[PDB]
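Taking it in order: structure first as structure tokens, then the write-up.
Every number here is computed from the coordinates shown, using simple stated rules; none is lab data. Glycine also receives a Cβ, built like all others from the backbone with ideal geometry; neighbour counts cover every protein chain displayed.
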Amino acid sequence: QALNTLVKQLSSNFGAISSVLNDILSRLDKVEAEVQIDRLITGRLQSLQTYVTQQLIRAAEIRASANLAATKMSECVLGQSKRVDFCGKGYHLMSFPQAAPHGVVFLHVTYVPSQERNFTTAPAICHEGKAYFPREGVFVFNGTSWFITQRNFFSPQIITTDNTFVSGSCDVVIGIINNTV
Amino acid sequence: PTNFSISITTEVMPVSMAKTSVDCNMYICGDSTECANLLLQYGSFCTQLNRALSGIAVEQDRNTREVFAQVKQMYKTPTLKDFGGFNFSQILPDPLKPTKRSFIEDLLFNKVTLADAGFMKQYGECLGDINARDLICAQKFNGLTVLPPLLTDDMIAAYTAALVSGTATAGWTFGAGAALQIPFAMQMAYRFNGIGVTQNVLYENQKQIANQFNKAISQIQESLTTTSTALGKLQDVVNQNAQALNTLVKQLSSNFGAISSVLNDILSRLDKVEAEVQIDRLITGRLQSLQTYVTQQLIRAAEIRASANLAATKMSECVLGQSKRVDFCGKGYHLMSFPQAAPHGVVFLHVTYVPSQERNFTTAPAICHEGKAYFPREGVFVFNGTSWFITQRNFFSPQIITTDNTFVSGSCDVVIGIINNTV
Amino acid sequence: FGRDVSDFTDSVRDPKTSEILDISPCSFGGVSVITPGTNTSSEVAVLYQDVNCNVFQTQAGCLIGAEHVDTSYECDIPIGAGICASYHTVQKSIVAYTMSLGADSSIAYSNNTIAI
Amino acid sequence: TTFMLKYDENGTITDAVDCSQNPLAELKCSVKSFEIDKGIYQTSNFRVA
Ligand SMILES: *[C@@H]1O[C@H](CO)[C@@H](O[C@@H]2O[C@H](CO)[C@@H](O)[C@H](O)[C@H]2NC(C)=O)[C@H](O)[C@H]1NC(C)=O
Ligand SMILES: *[C@@H]1O[C@H](CO)[C@@H](O[C@@H]2O[C@H](CO)[C@@H](O)[C@H](O)[C@H]2NC(C)=O)[C@H](O)[C@H]1NC(C)=O
Ligand SMILES: *[C@@H]1O[C@H](CO)[C@@H](O[C@@H]2O[C@H](CO)[C@@H](O)[C@H](O)[C@H]2NC(C)=O)[C@H](O)[C@H]1NC(C)=O
Ligand SMILES: *[C@@H]1O[C@H](CO)[C@@H](O[C@@H]2O[C@H](CO)[C@@H](O)[C@H](O)[C@H]2NC(C)=O)[C@H](O)[C@H]1NC(C)=O
Ligand SMILES: *[C@@H]1O[C@H](CO)[C@@H](O)[C@H](O)[C@H]1NC(C)=O
Ligand SMILES: *[C@@H]1O[C@H](CO)[C@@H](O)[C@H](O)[C@H]1NC(C)=O
Ligand SMILES: *[C@@H]1O[C@H](CO)[C@@H](O)[C@H](O)[C@H]1NC(C)=O
Ligand SMILES: *[C@@H]1O[C@H](CO)[C@@H](O)[C@H](O)[C@H]1NC(C)=O
Ligand SMILES: *[C@@H]1O[C@H](CO)[C@@H](O)[C@H](O)[C@H]1NC(C)=O
Ligand SMILES: *[C@@H]1O[C@H](CO)[C@@H](O)[C@H](O)[C@H]1NC(C)=O
Ligand SMILES: *[C@@H]1O[C@H](CO)[C@@H](O)[C@H](O)[C@H]1NC(C)=O
Ligand SMILES: *[C@@H]1O[C@H](CO)[C@@H](O)[C@H](O)[C@H]1NC(C)=O
Ligand SMILES: *[C@@H]1O[C@H](CO)[C@@H](O)[C@H](O)[C@H]1NC(C)=O
């Protein structure tokens, strides 16, 4: 569109008698036609300068987009990224780059949890008088007893000394439900 | 470190500017009905300017849509505003309040002194009370208008309220498609788990942390009410957007090589042939002025778009999850963030974790037990004063050295500084 | 005569009957055209920016040629101030409505239960 | 008045629009085309004679 506009801008009288030369030069002598020729030159030079300025302004944004695309390639394609909503909507696993006309298309493979389940829980458990805080995860009430599982997948596990660490007593923490390890 | 503090910082980022449009046929060649014949001969120089200005108008709405409209579910207000002692009031909207914005957002909206383009300046208002010499009435007479944004201030406030409610209730889970309910207690415990410290500190000092959080919120409120130059980056946008239009208006009194700068005077003293030269000169000058204005507006729009992209990225990272990037969200260790609306911008409230009190400890790289080196599992051994203990790097929590918190590798000859002890 | 900050005569004393008269431009305001597309239909909706005025008043101005609709769809033609227009079967016509921000949803907050 | 004329591959005039009959025609004159896609466009401001 920019090139087409520049082409169609050649039929404008920039204060001259006519917009087409070889007509001013055919009806007027050397001295008189020079003024109109200079007017046309000034107008067309202004048009060219405007086109160049717009092209530079567009090139700035294109360069910014190219830098963003290169960064996303180097991060998602060549490794696993832990940035939220950077590579794909969800939890990033891997990515595949694909070529495109004047661009690049990324295919992001992600991990999305689907089905939920209600569970009542407690911050900690009192065994013999000392608090047993979780190592990693949250205790849950599966329905019969207490179990410890991760936050991303329901995998019930028996509570033992390996998956919990002891610290303090059962007085400061609020919500300590007694159980066994 | 032996003690910690909770600090809340503020970050101001513009997201969009004033959306404007120009009618060249009225700015240049105003109501002449004879010059307009010469304006057609100069070419279709106006379509390019209007098309360039429409792209900025679309982009300034795309920016606002990208920055705020990130959550698809519009969660309601939890109507509790007190989760485990953490007072969430003054951030979420209050139902028994006229405006739909919270107290902090109202304070932010009160700081910025907008030019107040009413978006409905009728002919009756600009035809009477002319002694006031309002700038806006002078701009609209010359074909310079300001379009209203697509998203009103109420919808942006609702978006921020939904984001804050989801952060308070769902937590970090709503960054994905679904949202998992969790109390604010173990959510903060998990945030304290990914920072480096254990979950013991929160469940033991919840009262102090809640008190510090409330005091930080109150101090932020007092700073917002007291400080004069806080939303300077947002005020500058309005100050330049109005200044450009005022300069364009006052540029209409320049003789671009003609006898006079005001038409209907050249047309009244000169015949058709002689006045055409001066009319063409004036048209050329005013068209150059319009092109310069459009170019400057595009250059400003580039920077505004970059700032909007940065704001959207920071929202998606800090607001919808915990970021492990140094000095990205807030000065310190990131815990959580809260977004707040602002005139032509967004304000982030970053909750961070800062160690406060230090303590000297002499240490050793490893310990020799029976002839084999016992390297740390995670942390550094310390000399508490009576014996040797192992503790984390972010909080002094002495622990007895056992086989669980250390791993055996090599012998006691290569490592330098092995001090003997027992496990 | 009189002049403005931009060279233009605004006040002229009447030769006869000296009395000072104000001169103001005849044209003032703004108008936009909303069209569903030439291929689909030739009807258009005109929106005037600065008027009080099937008319229907918006925060942007008075919009004519379209019908008001009380249900909220998504936005396809972004009119200012939260209003949007679309071609709907009401024969078809242009209908104006407020854009829908999102899907309403509520989550119960409990201090003892979690979702895994 | 102001008109827009259309020339086919041959040297003939087959259609024309008036830049003041309808606002849609004014918009077509502004964009210099006979087909308009969907959307909202900004034409010249309201003028009084
Ligand atoms: C860490 O410092 C905090 C304050 O930042 C101490 O908690 C209380 O702070 C208030 C307010 O300054 C004082 O009035 C109390 O006396 C403090 N409580 C005490 C000294 O028991 C806190 O004690 C400090 N230490 C720890 C381990 O958290
Ligand atoms: C959360 O903070 C708000 C705002 O400060 C508290 O509301 C104030 O509460 C005090 C103490 O009861 C009253 O004297 C004020 O009149 C209240 N102000 C307003 C504007 O309502 C609110 O009580 C706090 N919530 C708590 C501590 O649970
Ligand atoms: C110019 O002549 C007109 C003729 O109408 C004058 O207007 C009249 O002025 C007299 C007083 O001089 C009034 O009583 C009449 O009512 C006016 N008539 C009208 C139709 O307005 C006018 O005053 C004269 N101006 C000067 C400067 O002498
Ligand atoms: C323009 O003139 C051409 C040439 O006559 C017309 O197109 C057809 O051209 C073929 C040869 O390529 C002739 O055999 C046909 O007779 C022409 N058709 C007709 C209907 O004459 C074309 O139709 C003309 N366009 C107009 C009149 O709009
Ligand atoms: C969990 O329980 C809540 C409260 O009764 C209910 O609204 C929700 O639908 C339940 N979730 C599932 C996955 O059953
Ligand atoms: C709890 O786990 C036990 C393991 O034996 C299982 O039998 C029981 O059904 C579970 N309770 C539920 C699913 O409510
Ligand atoms: C949870 O809140 C309810 C009121 O909604 C209260 O009765 C109960 O004691 C609370 N539980 C805990 C563990 O704090
Ligand atoms: C756990 O044991 C303590 C100490 O005997 C007792 O006070 C408490 O009621 C028991 N139950 C729970 C749910 O904490
Ligand atoms: C630790 O010891 C050094 C060296 O004597 C001293 O400069 C510093 O102040 C001490 N730090 C604390 C927290 O006491
Ligand atoms: C070392 O720890 C012991 C634990 O019993 C404590 O009594 C002693 O004061 C500590 N030494 C210090 C603090 O210098
Ligand atoms: C530490 O440096 C001092 C000199 O400053 C030296 O005497 C000492 O041996 C060094 N200690 C170790 C463990 O290398
Ligand atoms: C530790 O034991 C080794 C082996 O007997 C001995 O050489 C060394 O002096 C002892 N002390 C320290 C501080 O390494
Ligand atoms: C303009 O219209 C509004 C309704 O949109 C009406 O309330 C108001 O009175 C009108 N303003 C004037 C100045 O007539």
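Residues are listed down the side, and each one gets a yes or a no for (1) within 16 Å of ligand 9 (Cβ to nearest atom); (2) in a loop (DSSP other than H, G, I, E, B); (3) over 30 Å from B:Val237 (Cβ atoms):
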{"residue": "B:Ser356", "(1), (2), (3)": "yes, no, yes"}
{"residue": "B:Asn360", "(1), (2), (3)": "yes, yes, yes"}
{"residue": "B:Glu370", "(1), (2), (3)": "no, yes, yes"}
{"residue": "B:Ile390", "(1), (2), (3)": "no, no, yes"}
Which numbered condition in (1) facing chain C (nearest Cβ under 9 Å); (2) closer than 30 Å to C:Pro25 by Cβ is the only one that B:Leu53 fails? (1)
Every listed condition ((1) among the hydrophobic types (A, V, I, L, M, F, W, C); (2) buried (at least 19 other Cβ atoms within 10 Å of the Cβ); (3) more than 30 Å from B:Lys215 (Cα to Cα)) holds for B:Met13 save (3)
Could you say whether any residue in segment B:67-88 is more than 16 Å from ligand 2 (Cβ to nearest atom), of a type in the set (D, E, K, R) and within 30 Å of B:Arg300 (Cβ to Cβ)? no
Given (1) touching a helix residue (DSSP H, G or I) at 6+ places or on another chain (Cβ under 9 Å); (2) within 14 Å of chain C (Cβ to nearest Cβ), identify the lone condition not met by B:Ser253. (1)
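Condition (residue is within 16 Å of ligand 11 (Cβ to nearest atom), over 30 Å from B:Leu310 (Cβ atoms) and surrounded by 12 or more Cβ atoms within 10 Å (Cβ to Cβ)) applied to segment B:389-411: is it met by at least one residue?
No; the residues of segment B:389-411 include none that is within 16 Å of ligand 11 (Cβ to nearest atom), over 30 Å from B:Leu310 (Cβ atoms) and surrounded by 12 or more Cβ atoms within 10 Å (Cβ to Cβ).
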Subset of segment A:150-177 [farther than 16 Å from A:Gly129 by Cα and of a type outside the set (S, T, N, Q)]: A:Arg151, A:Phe153, A:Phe154, A:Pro156, A:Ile158, A:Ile159, A:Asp162
Starting from segment B:192-213, take each residue that is facing another protein chain (nearest Cβ under 7 Å) and list its partners that are surrounded by 18 or more Cβ atoms within 10 Å (Cβ to Cβ) and of a type in the set (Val, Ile, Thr), counting only C-beta distances under 9 angstrom and pairs at least six apart or across chains. B:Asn200/A:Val173; B:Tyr203/A:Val173; B:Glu204/A:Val173
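Suppose the filter is surrounded by fewer than 17 Cβ atoms within 10 Å (Cβ to Cβ) and in contact with an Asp or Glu (Cβ under 7 Å, 6 or more places away or on another chain); does B:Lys100 pass it?
So B:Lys100 fits the description; yes.
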Just to verify a result, which residue in segment A:139-161, among those that are of a type in the set (S, T, N, Q) and away from chain B (no Cβ under 14 Å), is nearest to ligand 4 (Cβ to nearest atom)? A:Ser155
Scanning for something more than 30 Å from B:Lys215 (Cα to Cα), more than 16 Å from ligand 7 (Cβ to nearest atom) and either more than 14 Å from chain A (Cβ to nearest Cβ) or among the aromatic types (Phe, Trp, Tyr) (or both), does segment B:393-406 turn up at least one residue? yes
Suppose the filter is more than 22 Å from B:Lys19 (Cβ to Cβ), buried (at least 19 other Cβ atoms within 10 Å of the Cβ) and more than 14 Å from chain C (Cβ to nearest Cβ); does B:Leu231 pass it? no
Subset tally (residues that are of a type in the set (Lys, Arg) and closer than 22 Å to B:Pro343 by Cβ) for segment B:54-75: 2
Is it the case that C:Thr17 is among the polar types (S, T, N, Q), touching a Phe, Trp or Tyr at 6+ places or on another chain (Cβ under 7 Å), more than 16 Å from ligand 13 (Cβ to nearest atom) and assigned to a loop (DSSP other than H, G, I, E, B)? no
Would you mind stating whether A:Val173 is hydrophobic (A, V, I, L, M, F, W, C) and more than 16 Å from ligand 7 (Cβ to nearest atom)? no
Residues in segment A:114-122: is at least one out of contact with any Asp or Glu (no Cβ under 9 Å at 6 or more places or on another chain), of a type in the set (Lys, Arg) and either within 16 Å of ligand 10 (Cβ to nearest atom) or under 27 Å from B:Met188 (Cβ atoms) (or both)? yes
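Test C:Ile64 against the stated conditions and say whether it is closer than 28 Å to B:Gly143 by Cβ and either within 7 Å of another protein chain (Cβ to nearest Cβ) or within 16 Å of ligand 10 (Cβ to nearest atom) (or both).
Values: closer than 28 Å to B:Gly143 by Cβ: yes; either within 7 Å of another protein chain (Cβ to nearest Cβ) or within 16 Å of ligand 10 (Cβ to nearest atom) (or both): no.
Judged against the criteria, C:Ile64 is not a match.
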When you scan segment B:257-271, do you find a residue that is assigned to a loop (DSSP other than H, G, I, E, B) and either charged (D, E, K, R) or within 16 Å of ligand 3 (Cβ to nearest atom) (or both), even just one? yes
Taking the stated definitions as given, is C:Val69 in contact with a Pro (Cβ under 9 Å, 6 or more places away or on another chain), surrounded by 13 or more Cβ atoms within 10 Å (Cβ to Cβ) and within 30 Å of B:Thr152 (Cα to Cα)? no
When you look at C:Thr38, is it in a loop (DSSP other than H, G, I, E, B) and facing chain D (nearest Cβ under 10 Å), yes or no? yes
What do you reckon, is D:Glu26 over 19 Å from B:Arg51 (Cβ atoms) and either surrounded by 11 or more Cβ atoms within 10 Å (Cβ to Cβ) or over 12 Å from the mean Cα position of the chain (by Cα) (or both)? no
Has segment B:331-344 got at least one residue that is basic (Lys, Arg) and in contact with a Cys (Cβ under 8 Å, 6 or more places away or on another chain)? no
When the residues of segment B:396-423 are filtered to those that are under 17 Å from A:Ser167 (Cα atoms) and touching a strand residue (DSSP E or B) at 6+ places or on another chain (Cβ under 7 Å), which remaining residue is farthest from ligand 2 (Cβ to nearest atom)? B:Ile401
By residue number, the members of segment B:162-183 that are under 19 Å from B:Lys81 (Cβ atoms) and more than 11 Å from chain C (Cβ to nearest Cβ) are B:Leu163, B:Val164, B:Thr167
Does any residue in segment B:362-373 that is within 13 Å of B:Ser409 (Cβ to Cβ) come within less than 7 Å, Cβ to Cβ, of a residue that is of a type in the set (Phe, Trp, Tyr) and within 14 Å of ligand 11 (Cβ to nearest atom) six or more places away or on a different chain, and which pairs are these? B:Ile367/B:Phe381
Among the residues listed as A:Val77, A:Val105, A:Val84, the single one being surrounded by 14 or more Cβ atoms within 10 Å (Cβ to Cβ), away from chain B (no Cβ under 14 Å) and either over 30 Å from C:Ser110 (Cα atoms) or away from ligand 9 (no atom under 16 Å from the Cβ) (or both): A:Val77
Out of segment C:72-115, which residues are not hydrophobic (A, V, I, L, M, F, W, C) and not in a loop (DSSP other than H, G, I, E, B)? C:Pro78, C:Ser86, C:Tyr87, C:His88, C:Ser93, C:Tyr97, C:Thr98, C:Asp104, C:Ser105, C:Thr113
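Please state which one of C:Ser106, C:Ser86 is surrounded by fewer than 18 Cβ atoms within 10 Å (Cβ to Cβ) and either more than 7 Å from every other protein chain (Cβ to nearest Cβ) or on the phi < 0 side of the Ramachandran plot (or both).
Working: C:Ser86 fails: surrounded by fewer than 18 Cβ atoms within 10 Å (Cβ to Cβ).
None of the others qualify; the one that does is C:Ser106.
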